[PDB]
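For reference, the structure is listed below as C-alpha cells.
In what follows, every chain begins at residue 1, and chains take the letters A, B, ... in the order their sequences are listed. Both backbone and side-chain heavy atoms feed into the values below; hydrogens, waters and symmetry mates do not.
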Amino acid sequence: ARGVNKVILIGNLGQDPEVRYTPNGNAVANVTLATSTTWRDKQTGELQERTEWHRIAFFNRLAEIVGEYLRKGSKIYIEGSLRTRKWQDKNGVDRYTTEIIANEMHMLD
Amino acid sequence: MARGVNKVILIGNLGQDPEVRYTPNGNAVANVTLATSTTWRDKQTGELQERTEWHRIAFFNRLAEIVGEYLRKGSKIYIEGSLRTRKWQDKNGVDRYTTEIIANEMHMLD
Amino acid sequence: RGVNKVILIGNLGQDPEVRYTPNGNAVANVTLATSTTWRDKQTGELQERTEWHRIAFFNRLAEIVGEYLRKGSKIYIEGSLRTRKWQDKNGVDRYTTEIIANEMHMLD
Amino acid sequence: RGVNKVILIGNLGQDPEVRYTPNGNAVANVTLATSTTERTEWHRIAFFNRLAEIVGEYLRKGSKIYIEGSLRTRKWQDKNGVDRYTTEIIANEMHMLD
C-alpha cells in the first residue's frame, strides 16, 4: 500500500450479533461495540465511566466465528480499518460516518 | 486505567491546509482531513489502483499549535488517537455512527 | 522522531514481586505468555508455539501490578521496547530485550 | 489466543541484504533505529520471502519505514554452550515513508 489505517478496540457487544449471508453464501456480521474509559470528576473526585460506541463489520470466516461464539456482553479485542461515507452538514460542513472493517478478533470473556 | 481500549493509528496526507480556531479562553483547536491510501488489484486486468479513505481529525492545545504552524495541504503525517462518535438515526430508522479522531500524538513524515 | 510501540495480551507466568530501584522507585518485573496456534498446512498438524515476554512496570503501575495481578492473570499491555547491555561473568556483553509498559488493563 | 504485536517507524542501520535460510527461503535481517527526546533504540527485524525480496530491492541504509510484526526470542549457545537469547521482530507488513 502506502498508507496506514488501523484501529484497536477492546469493549463489549452492545447486542447479540446480527449475522446474514450474501446471495452467494458469504458470511457478513454487524455488531455494536462499547469501549469505555474513566473520567475523574474535578470537584468530587468521582471516577466516572465514559462510553464510546462503534459499528463493526466482520466478513466470511470471522463473521461465522462471531455468530458462533459471541453474545451481548461479550468482551472482545479487535483490529480493523475505518471505512467512511462522506456527508454534508445542515450548514454544508463535510461529515464522516465510520464503520470498522474487522480483520482480527480475540475473545476475552 | 480504563476498562476499554480505543486506538486509531493513521498515516496519510492532509486534503487541505489545516483549519484553526481559538476558544474564548485562548486555547487552540485544529481540524484536518486525512486521506489514507491502500491498493486494490483489478481481478480482471491486474491493474494496481489506489483506494482512499477519508478521516476527520481534531487536535487541541499544543498539538493544535504545532499543526497550525507546520502542516499544509499534502503533508504526510502519523497520528495516534481515539474515536469519538455522535449517534445517528437513519432514514430506515437504523443506527449510524459519525466519528472524529481525537489525536494524542503526531509525527511529521515530510 | 520514531515510533516504538508494543501491544500485548496474555497471561502472567508468576505472581509479581514489587521491588525497588537503586533510585528508590518501584519496579515489577514479570513475564507474559502469548501463544499462536495454527494447523500445519500439510505434513504436521495442530501447531502451538508460545512466546515469553519480559515486562517492566515502574512506579504506580508497578504497585498496581504488585497489588492486583497474580500468576496466570490475563492482562493487556501497551509499551515500548528496550534492550539493555550487561556482562556475563567473563565480561562479555550480553543483551536483554524488555517491554517498558506504559499502560495496562485487567482482562480478568 | 493472545496478542503479540509491534509497530515501529525508524531508519535502517545498513543496506539490507537478502540471504537464504537452510530451507531455501528468502530472508533479510536488518536493524532499525527509533529515537526519543536523546536516546536511540536498535531493533533486530526479520523479513521473509516476498517482503524480504521487496526490502532488498528498494531499501538502503537510513531508509525510513513503518513496520508491523510479532516479537520472537530465539535461543542459542555461545562457544561455551551457555544458553543465550536474542529478541527479533518478525515483520508482517512494511511501508516506505520516504
Side-chain angles (χ1 to χ4, degrees), chain A residues 4, chain B residues 7 9 11 62-63 66 70 76-81 103-110, chain C residues 1-8 19-32 53-62 65 77-88 91-104, chain D residues 4-16 29-46 59-73 84-91 94-98:
Chain A
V4 173
Chain B
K7 303 201 56 174
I9 293 150
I11 287 190
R62 187 57 194 174
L63 252 182
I66 307 298
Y70 285 82
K76 197 212 285 268
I77 65 175
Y78 164 90
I79 286 298
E80 276 176 16
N104 325 320
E105 307 230 336
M106 193 281 289
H107 295 34
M108 298 166 53
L109 306 179
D110 303 333
Chain C
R1 318 174 203 185
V3 168
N4 183 347
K5 294 195 73 80
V6 174
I7 300 317
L8 302 180
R19 301 267 175 207
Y20 297 81
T21 281
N23 304 118
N25 307 324
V27 191
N29 295 103
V30 306
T31 68
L32 189 132
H53 315 269
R54 287 169 177 266
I55 319 289
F57 294 111
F58 297 110
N59 306 305
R60 287 180 213 272
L61 217 49
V65 175
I77 253 78
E78 306 178 333
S80 244
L81 291 169
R82 194 181 159 264
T83 286
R84 53 188 180 81
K85 184 174 68 176
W86 47 279
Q87 290 72 38
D88 57 17
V92 178
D93 285 340
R94 306 292 172 185
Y95 296 86
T96 309
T97 289
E98 295 162 311
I99 307 305
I100 318 300
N102 277 115
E103 172 163 315
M104 91 91 169
Chain D
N4 181 349
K5 193 161 196 73
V6 184
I7 306 260
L8 323 168
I9 292 187
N11 330 266
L12 297 164
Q14 70 292 301
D15 286 290
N29 311 108
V30 299
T31 55
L32 192 57
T34 70
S35 75
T36 44
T37 94
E38 174 254 301
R39 179 192 305 261
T40 279
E41 177 72 17
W42 291 94
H43 318 261
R44 296 307 283 99
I45 301 142
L59 302 182
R60 281 179 281 263
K61 185 190 179 94
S63 281
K64 183 169 285 298
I65 59 170
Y66 161 96
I67 299 293
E68 293 173 351
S70 276
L71 289 169
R72 196 175 120 198
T73 45
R84 304 303 175 176
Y85 293 89
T86 292
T87 291
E88 296 165 335
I89 320 261
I90 316 302
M94 184 283 288
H95 292 292
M96 319 172 211
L97 303 181
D98 295 328

Within a radius of less than 6.0 Å around [atom1] of [X], do more than 12 heavy atoms belonging to other residues, nucleotides or ligands occur?
{"X": "D:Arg44", "atom1": "CZ", "answer": "yes"}
{"X": "C:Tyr95", "atom1": "OH", "answer": "yes"}
{"X": "D:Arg60", "atom1": "CZ", "answer": "no"}
{"X": "B:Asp110", "atom1": "CG", "answer": "no"}
{"X": "D:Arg84", "atom1": "CZ", "answer": "yes"}

So, for [X] and [Y], which heavy atoms are closest and what is the spacing to 0.1 Å?
{"X": "D:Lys61", "Y": "D:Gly13", "value": "NZ-O, 3.2 Å"}
{"X": "D:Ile67", "Y": "D:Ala91", "value": "CG2-CB, 3.8 Å"}
{"X": "D:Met96", "Y": "D:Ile65", "value": "CA-CG2, 4.0 Å"}
{"X": "C:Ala28", "Y": "C:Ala62", "value": "N-CB, 3.7 Å"}

Value rounded to 0.5 Å, distance of [atom1] in [X] from [atom2] in [Y]:
{"X": "D:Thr34", "Y": "D:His43", "atom1": "OG1", "atom2": "NE2", "answer": "3.0 Å"}
{"X": "D:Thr31", "Y": "D:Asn11", "atom1": "OG1", "atom2": "CG", "answer": "10.5 Å"}
{"X": "C:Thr97", "Y": "D:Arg72", "atom1": "OG1", "atom2": "CZ", "answer": "14.5 Å"}
{"X": "D:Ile9", "Y": "B:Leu109", "atom1": "CD1", "atom2": "CG", "answer": "6.0 Å"}
{"X": "C:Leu32", "Y": "C:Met104", "atom1": "CG", "atom2": "CE", "answer": "11.0 Å"}
{"X": "C:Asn102", "Y": "C:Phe58", "atom1": "CG", "atom2": "CZ", "answer": "11.0 Å"}

Stepwise side-chain contact (heavy atoms from CB on, under 4.5 Å) test for C:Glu98 and C:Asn29: CA-CA 9 Å; C:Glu98 295 162 311; C:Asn29 295 103; 4.2 Å; yes

Flag, side chain of D:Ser70 to backbone of D:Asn4, donor-acceptor distance under 3.5 Å: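 Yes.
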
Distance-only side-chain donor-acceptor flag, D:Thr40 / D:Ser35, under 3.5 Å: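 Result is no, nothing qualifies.
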
Modelled atom types, side-chain donor and acceptor of D:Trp42 and C:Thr83, under 3.5 Å: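 Not at all, the side chains of D:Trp42 and C:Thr83 share no donor-acceptor pair under 3.5 Å.
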
Parallel, tilted or perpendicular, as decided by the 30° and 60° cut-offs, for the rings of D:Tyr66 and D:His95: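 Answer is tilted, since the angle falls between 30° and 60°.
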
Worked verdict on C:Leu81 versus D:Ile89 for side-chain contact (heavy atoms from CB on, under 4.5 Å): CA-CA 11 Å; C:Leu81 291 169; D:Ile89 320 261; 3.6 Å; yes

N-O pairing of C:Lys5 and B:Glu80 below 4.0 Å: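 A salt bridge links C:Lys5 with B:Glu80.
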
